[PDB]
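J.: What follows is the file query-v2.pdb, containing PDB, C-alpha atoms:
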ATOM      1  CA  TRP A   1    -137.077 -18.320 -51.034
ATOM      2  CA  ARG A   2    -136.035 -15.257 -53.022
ATOM      3  CA  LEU A   3    -138.021 -13.353 -55.660
ATOM      4  CA  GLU A   4    -135.788 -13.745 -58.707
ATOM      5  CA  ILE A   5    -137.630 -13.496 -62.024
ATOM      6  CA  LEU A   6    -137.077 -16.761 -63.849
ATOM      7  CA  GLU A   7    -138.535 -16.298 -67.345
ATOM      8  CA  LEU A   8    -140.840 -13.845 -69.131
ATOM      9  CA  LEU A   9    -142.533 -14.274 -72.529
ATOM     10  CA  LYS A  10    -142.208 -11.023 -74.465
ATOM     11  CA  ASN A  11    -142.544  -9.962 -78.071
ATOM     12  CA  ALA A  12    -145.849 -11.032 -79.595
ATOM     13  CA  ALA A  13    -147.752 -10.482 -82.840
ATOM     14  CA  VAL A  14    -151.311 -11.798 -83.311
ATOM     15  CA  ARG A  15    -153.151 -11.944 -86.633
ATOM     16  CA  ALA A  16    -156.951 -12.107 -86.848
ATOM     17  CA  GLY A  17    -158.258 -15.219 -85.049
ATOM     18  CA  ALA A  18    -154.886 -15.734 -83.340
ATOM     19  CA  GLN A  19    -154.055 -15.845 -79.614
ATOM     20  CA  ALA A  20    -151.545 -14.182 -77.242
ATOM     21  CA  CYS A  21    -149.441 -15.906 -74.567
ATOM     22  CA  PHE A  22    -147.885 -13.730 -71.848
ATOM     23  CA  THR A  23    -146.742 -15.314 -68.566
ATOM     24  CA  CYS A  24    -144.148 -14.532 -65.880
ATOM     25  CA  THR A  25    -142.848 -17.356 -63.703
ATOM     26  CA  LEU A  26    -141.297 -15.758 -60.618
ATOM     27  CA  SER A  27    -139.772 -17.048 -57.383
ATOM     28  CA  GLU A  28    -142.367 -15.391 -55.138
ATOM     29  CA  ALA A  29    -146.157 -15.036 -55.230
ATOM     30  CA  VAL A  30    -147.568 -11.493 -55.259
ATOM     31  CA  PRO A  31    -151.122 -10.576 -54.027
ATOM     32  CA  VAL A  32    -153.204  -8.084 -56.066
ATOM     33  CA  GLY A  33    -151.922  -4.509 -56.176
ATOM     34  CA  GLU A  34    -148.128  -4.761 -56.392
ATOM     35  CA  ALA A  35    -148.575  -6.437 -59.786
ATOM     36  CA  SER A  36    -149.743  -4.365 -62.774
ATOM     37  CA  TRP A  37    -150.880  -5.873 -66.073
ATOM     38  CA  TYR A  38    -151.913  -3.348 -68.732
ATOM     39  CA  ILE A  39    -151.524  -2.668 -72.426
ATOM     40  CA  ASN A  40    -151.625   1.001 -73.463
ATOM     41  CA  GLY A  41    -154.775   1.547 -75.509
ATOM     42  CA  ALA A  42    -156.954  -0.812 -73.464
ATOM     43  CA  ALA A  43    -157.058  -0.953 -69.669
ATOM     44  CA  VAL A  44    -158.023  -4.414 -68.423
ATOM     45  CA  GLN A  45    -161.000  -4.027 -66.114
ATOM     46  CA  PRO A  46    -161.854  -6.842 -63.664
ATOM     47  CA  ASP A  47    -164.553  -7.664 -66.237
ATOM     48  CA  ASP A  48    -162.331  -7.314 -69.323
ATOM     49  CA  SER A  49    -163.811  -9.335 -72.184
ATOM     50  CA  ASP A  50    -160.939  -9.275 -74.700
ATOM     51  CA  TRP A  51    -158.174  -9.779 -72.113
ATOM     52  CA  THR A  52    -158.014 -12.229 -69.218
ATOM     53  CA  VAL A  53    -155.752 -11.908 -66.149
ATOM     54  CA  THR A  54    -155.116 -14.356 -63.321
ATOM     55  CA  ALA A  55    -152.619 -14.864 -60.501
ATOM     56  CA  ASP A  56    -151.918 -18.235 -58.880
ATOM     57  CA  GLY A  57    -148.798 -18.491 -56.725
ATOM     58  CA  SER A  58    -145.559 -17.449 -58.447
ATOM     59  CA  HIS A  59    -147.203 -17.690 -61.893
ATOM     60  CA  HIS A  60    -149.034 -14.811 -63.616
ATOM     61  CA  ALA A  61    -151.045 -15.745 -66.733
ATOM     62  CA  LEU A  62    -152.471 -13.234 -69.208
ATOM     63  CA  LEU A  63    -153.927 -13.958 -72.670
ATOM     64  CA  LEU A  64    -155.810 -12.459 -75.559
ATOM     65  CA  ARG A  65    -158.807 -14.160 -77.036
ATOM     66  CA  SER A  66    -159.430 -13.657 -80.754
ATOM     67  CA  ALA A  67    -157.245 -10.723 -81.785
ATOM     68  CA  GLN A  68    -159.043  -7.995 -83.762
ATOM     69  CA  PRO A  69    -157.539  -4.981 -85.648
ATOM     70  CA  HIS A  70    -157.758  -2.644 -82.616
ATOM     71  CA  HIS A  71    -156.003  -4.420 -79.736
ATOM     72  CA  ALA A  72    -152.654  -3.005 -80.878
ATOM     73  CA  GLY A  73    -150.711  -1.147 -78.190
ATOM     74  CA  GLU A  74    -147.676  -1.264 -75.883
ATOM     75  CA  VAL A  75    -147.170  -3.913 -73.176
ATOM     76  CA  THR A  76    -145.919  -2.893 -69.719
ATOM     77  CA  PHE A  77    -145.811  -4.935 -66.495
ATOM     78  CA  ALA A  78    -144.228  -4.271 -63.104
ATOM     79  CA  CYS A  79    -143.938  -6.137 -59.814
ATOM     80  CA  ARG A  80    -141.499  -7.006 -57.038
ATOM     81  CA  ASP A  81    -138.523  -5.395 -58.756
ATOM     82  CA  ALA A  82    -139.811  -7.326 -61.784
ATOM     83  CA  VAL A  83    -139.537  -4.831 -64.647
ATOM     84  CA  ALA A  84    -140.926  -5.870 -68.040
ATOM     85  CA  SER A  85    -142.036  -4.492 -71.412
ATOM     86  CA  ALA A  86    -143.048  -5.560 -74.926
ATOM     87  CA  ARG A  87    -144.696  -4.682 -78.241
ATOM     88  CA  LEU A  88    -148.158  -6.057 -79.032
ATOM     89  CA  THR A  89    -149.487  -5.683 -82.578
ATOM     90  CA  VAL A  90    -152.327  -7.147 -84.651
ATOM     91  CA  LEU A  91    -152.329  -7.609 -88.437
ATOM     92  CA  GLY A  92    -155.440  -6.510 -90.348
ATOM     93  CA  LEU A  93    -153.989  -7.118 -93.814
ATOM     94  CA  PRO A  94    -155.254 -10.377 -95.462
ATOM     95  CA  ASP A  95    -152.143 -10.025 -97.639
ATOM     96  CA  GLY A  96    -150.417 -12.648 -95.494
ATOM     97  CA  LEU A  97    -150.125 -15.745 -97.691
ATOM     98  CA  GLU A  98    -149.480 -19.166 -96.116
ATOM     99  CA  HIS A  99    -148.667 -22.605 -97.543
ATOM    100  CA  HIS A 100    -151.584 -25.002 -97.046
ATOM    101  CA  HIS A 101    -149.524 -27.863 -98.494
ATOM    102  CA  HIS A 102    -147.392 -29.576 -95.852
ATOM    103  CA  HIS A 103    -145.612 -31.764 -98.413
ATOM    104  CA  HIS A 104    -145.677 -32.806-102.081
TER     105      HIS A 104
END
Take the structure in the file and give it back as structure tokens.

T.:
Amino acid sequence: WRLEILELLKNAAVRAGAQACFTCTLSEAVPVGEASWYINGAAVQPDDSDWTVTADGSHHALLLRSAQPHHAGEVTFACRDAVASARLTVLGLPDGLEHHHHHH
């Protein structure tokens, strides 16, 4: 019956074509106004195309479609005594090599 913050997903890096997963499972549902979801460098308008925000009960879900070298910025969220932060960054260097061979 309380409003204790259970778990928050922070710290996220998204390369080109990747996706972002930010959610905050609370103990109480908050309407629209006491909850603030924004990343410095790109305010999410009700019609935001790159970012998507929703609120259903005690669960707040926010994502990032295909990350592009420009969405980089800080991550700050606040609610019912629910303080949060993070660091969002996108890689634009195709210097990231990956192993395409699972096994040999």

J.: Please evaluate the PyMOL selection byres ((chain A and resi 30) around 12) against the displayed coordinates and give the resulting residues as an NGL selection string.

T.: :A and (3 or 24-29 or 31-36 or 54-60 or 78-82)

J.: Show me as a list in words the residues that reach within 7 Å of (-155.9, -9.5, -75.0), counting only C-alpha atoms and using the file's own coordinates.

T.: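 It turns out the residues near that spot are residues 20, 50, 51, 52, 63, 64, 65 and 71 of chain A.
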
J.: Residues near residue 12 in chain A, anyone? I mean within 9 Å using all atoms listed in the file, not counting same-chain ones fewer than 3 positions away, as a ChimeraX atom specification.

T.: /A:9,20-22,86-89

J.: Can you spell out as number ranges by chain the set of residues that the PyMOL selection byres ((chain A and resi 75) around 10) selects in the structure I just provided?

T.: A: 10-12, 22, 37-41, 72-74, 76-77, 84-89

J.: Give as a list in words the residues that the PyMOL selection byres ((chain A and resi 14) around 7) matches when applied to the coordinates above.

T.: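 Selection result, ordered by chain and number: residues 12, 13, 15, 16, 18, 19, 20, 67, 89, 90 and 91 of chain A.
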
J.: Record the distance separating CA of residue 69 in chain A and CA of residue 83 in chain A, expressed in Å with one decimal.

T.: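 CA of residue 69 in chain A sits 27.7 Å away from CA of residue 83 in chain A.
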
J.: Quick one: of A:93, A:62, A:5, A:101, who's nearest to residue 44 in chain A, counting only C-alpha atoms?

T.: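 Closest to residue 44 in chain A of all the choices is A:62.
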
J.: Suppose you want the space between CA of residue 68 in chain A and CA of residue 102 in chain A; what is it in Å?

T.: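 Atom-to-atom, CA of residue 68 in chain A and CA of residue 102 in chain A are spaced 27.3 Å apart.
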
J.: Between CA of residue 70 in chain A and CA of residue 48 in chain A, measure the distance and give it in Å to one decimal.

T.: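 Interatomic distance, CA of residue 70 in chain A to CA of residue 48 in chain A: 14.8 Å.
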
J.: Please determine, counting all atoms listed in the file, which residue among A:97, A:8, A:1, A:17 has the shortest atom-to-atom distance to residue 66 in chain A.

T.: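 Ranked by minimum distance to residue 66 in chain A, first place goes to A:17.
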
J.: Restore N, CA, C and O atoms in range 6-26 of chain A and list the result as a compact mmCIF listing (two decimals), in the frame of the given file.

T.:
# COMPACT_ATOMS: atom_id res chain seq x y z
N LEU A 6 -137.64 -15.66 -63.08
CA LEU A 6 -137.08 -16.76 -63.85
C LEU A 6 -137.16 -16.52 -65.35
O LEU A 6 -136.14 -16.37 -66.02
N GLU A 7 -138.38 -16.50 -65.90
CA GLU A 7 -138.54 -16.30 -67.34
C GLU A 7 -139.81 -15.53 -67.67
O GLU A 7 -140.85 -15.73 -67.06
N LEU A 8 -139.71 -14.65 -68.68
CA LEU A 8 -140.84 -13.84 -69.13
C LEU A 8 -141.02 -14.00 -70.64
O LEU A 8 -140.05 -13.98 -71.39
N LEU A 9 -142.27 -14.14 -71.09
CA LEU A 9 -142.53 -14.27 -72.53
C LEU A 9 -142.91 -12.91 -73.09
O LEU A 9 -144.00 -12.40 -72.82
N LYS A 10 -142.00 -12.34 -73.86
CA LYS A 10 -142.21 -11.02 -74.46
C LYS A 10 -142.22 -11.13 -75.98
O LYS A 10 -142.00 -12.20 -76.55
N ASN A 11 -142.49 -10.01 -76.62
CA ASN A 11 -142.54 -9.96 -78.07
C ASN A 11 -143.65 -10.87 -78.59
O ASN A 11 -143.55 -12.09 -78.53
N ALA A 12 -144.72 -10.26 -79.08
CA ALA A 12 -145.85 -11.03 -79.60
C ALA A 12 -146.65 -10.28 -80.66
O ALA A 12 -147.02 -9.12 -80.49
N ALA A 13 -146.95 -11.00 -81.73
CA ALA A 13 -147.75 -10.48 -82.84
C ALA A 13 -148.91 -11.45 -83.06
O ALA A 13 -148.70 -12.66 -83.12
N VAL A 14 -150.14 -10.93 -83.14
CA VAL A 14 -151.31 -11.80 -83.31
C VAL A 14 -152.22 -11.36 -84.46
O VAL A 14 -152.85 -10.31 -84.43
N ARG A 15 -152.30 -12.21 -85.48
CA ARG A 15 -153.15 -11.94 -86.63
C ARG A 15 -154.61 -12.24 -86.26
O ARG A 15 -154.88 -12.78 -85.19
N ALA A 16 -155.54 -11.87 -87.13
CA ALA A 16 -156.95 -12.11 -86.85
C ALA A 16 -157.22 -13.59 -86.55
O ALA A 16 -156.82 -14.47 -87.32
N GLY A 17 -157.91 -13.85 -85.44
CA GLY A 17 -158.26 -15.22 -85.05
C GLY A 17 -157.13 -15.90 -84.26
O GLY A 17 -157.26 -17.05 -83.85
N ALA A 18 -156.03 -15.18 -84.07
CA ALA A 18 -154.89 -15.73 -83.34
C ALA A 18 -155.08 -15.61 -81.83
O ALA A 18 -156.15 -15.25 -81.36
N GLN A 19 -154.01 -15.92 -81.08
CA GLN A 19 -154.06 -15.84 -79.61
C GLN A 19 -152.73 -15.30 -79.08
O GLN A 19 -151.70 -15.39 -79.75
N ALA A 20 -152.76 -14.74 -77.86
CA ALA A 20 -151.54 -14.18 -77.24
C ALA A 20 -151.21 -14.93 -75.96
O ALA A 20 -152.09 -15.26 -75.17
N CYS A 21 -149.91 -15.19 -75.76
CA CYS A 21 -149.44 -15.91 -74.57
C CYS A 21 -148.37 -15.11 -73.82
O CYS A 21 -147.22 -15.04 -74.24
N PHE A 22 -148.78 -14.52 -72.70
CA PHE A 22 -147.88 -13.73 -71.85
C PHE A 22 -147.92 -14.29 -70.43
O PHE A 22 -148.95 -14.26 -69.78
N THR A 23 -146.79 -14.78 -69.93
CA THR A 23 -146.74 -15.31 -68.57
C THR A 23 -145.40 -15.01 -67.92
O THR A 23 -144.39 -14.89 -68.61
N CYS A 24 -145.39 -14.85 -66.59
CA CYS A 24 -144.15 -14.53 -65.88
C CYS A 24 -143.95 -15.42 -64.65
O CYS A 24 -144.51 -15.16 -63.59
N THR A 25 -143.13 -16.46 -64.81
CA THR A 25 -142.85 -17.36 -63.70
C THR A 25 -141.80 -16.72 -62.81
O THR A 25 -140.66 -16.50 -63.22
N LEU A 26 -142.19 -16.40 -61.58
CA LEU A 26 -141.30 -15.76 -60.62
C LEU A 26 -140.85 -16.75 -59.55
O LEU A 26 -141.06 -17.95 -59.68
